[PDB]
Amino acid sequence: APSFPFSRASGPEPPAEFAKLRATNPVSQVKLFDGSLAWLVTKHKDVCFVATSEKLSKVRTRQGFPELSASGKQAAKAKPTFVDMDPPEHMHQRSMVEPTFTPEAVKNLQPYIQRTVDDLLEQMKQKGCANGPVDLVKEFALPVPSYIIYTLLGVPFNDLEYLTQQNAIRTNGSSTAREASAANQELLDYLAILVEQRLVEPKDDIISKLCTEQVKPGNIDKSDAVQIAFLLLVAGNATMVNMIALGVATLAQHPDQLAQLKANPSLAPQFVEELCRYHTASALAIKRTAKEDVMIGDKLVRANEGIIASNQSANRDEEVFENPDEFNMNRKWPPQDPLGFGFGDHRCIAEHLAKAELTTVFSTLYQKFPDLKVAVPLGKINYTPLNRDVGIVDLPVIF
């Protein structure tokens, strides 16, 4: 059994193993970092089954849960939030924060999303590139999702920049373990302080809703409110940064489609749909353990055996997406959903938010900077290490 996670085939490519497994062995066994064995599911239809089967569990204290690192086995000891829960607990807690993320709520946030993007682009413009390239990640791709989720949680304007850098340090590949843990505690310590303040004087933000509607009536306590706020922060931010950077790199790699996007900014939503299928920057979240024996394809997964369903491979499934390895924002979409945001009850709570952030970004970026250009050769882009989810660490640009 091959060791898993597989490495990406190259900087922007998925692992080469998925295409071969989809063709020859779509439900196979892989070996995890501790020598344990989990099932790997690669085909779109089977990934949807894994994501919705009520015979499967996300509870990480169950036997056989497929932790992918030693830190994850550590994290499995802490008290879970809704990301690691089964029904009925899952939606009991998830419903406490879902109202901010509904399509209607995200619709009403569009002026604020646009303002945030415009303000950051104008800061980047004033900073300029007169003395050499600037890092699009630091100047733009990082602060856009960071400022938005922090503002939704309840962080005041004056605290955004410091917390944005601390959260970035938390996952930066160049941080020592001590640096990352320190930044992590800085975030937890801050959210505790913010929860205490909103318990005394609530405002119009997610933490205040948790404090008034759940903490004070005793449905959860204030440490739960911290952990739920921390989840909303860390679950999606690094992925949002990578999606923005990957979108810019993808357009540089496909100049004909960038030309179409410059000539018609209303193509941003279709660009974003294809980006989220083609670059599956969160590909390891659909994990389960079997509560009871369950048949998947031609395999029997035994009770207490672990399962990883690759939505990245599902999104390149040739049976669903014609010519799946070509990036084409003009493609005709089949009836089947692309799975960039997962599937089933646990489907990304922030899917509409994320698509609105990405659509705002790519309908505005080249109107502000029509000559935006990646300043290094595209083959030299500093991607995330191949053993991790696809992404970009830094992206020098001029404009």
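Residue numbers here begin at 1 and follow the sequence given.
Student: Taking the recorded C-alpha temperature factors, which stretch has the higher mean, 323-331 or 160-168?
Tutor: Per the PDB entry, the higher value belongs to 323-331.
Student: State which stretch shows the higher mean Cα B factor in the entry: 275-283 or 256-264.
Tutor: In the deposited entry, the stretch with the higher C-alpha B-factor mean is 256-264.
Student: Which is it among 51, 365, 41, 37: the one with the largest CA B-factor in the entry?
Tutor: When the deposited C-alpha B-factors of 51, 365, 41, 37 are compared, 37 is largest.
Student: Quick one: which of 76, 129, 248, 136 has the biggest Cα B-factor according to the entry?
Tutor: That would be 76.
Student: So where's residue 58 on the chain's Cα temperature factor ranking, which third?
Tutor: Answer is middle: the recorded C-alpha B-factor places it there.
Student: When the modelled residues of the chain are sorted by Cα temperature factor, does residue 369 land in the lowest, middle or highest third?
Tutor: Its C-alpha B-factor, which the entry lists for residue 369, ranks in the middle third among residues of this chain.
Student: Split the chain's modelled residues into thirds by Cα B-factor; is residue 302 in the lowest, middle or highest one?
Tutor: Highest third, going by the recorded CA B-factors of the chain.
Student: Ranking every modelled residue in this chain by its Cα temperature factor as given in the entry, which third contains residue 17?
Tutor: According to the entry, residue 17 has a C-alpha B-factor in the chain's highest third.
Student: Ranking every modelled residue in this chain by its Cα temperature factor as given in the entry, which third contains residue 236?
Tutor: CA B-factor rank for residue 236: lowest third.
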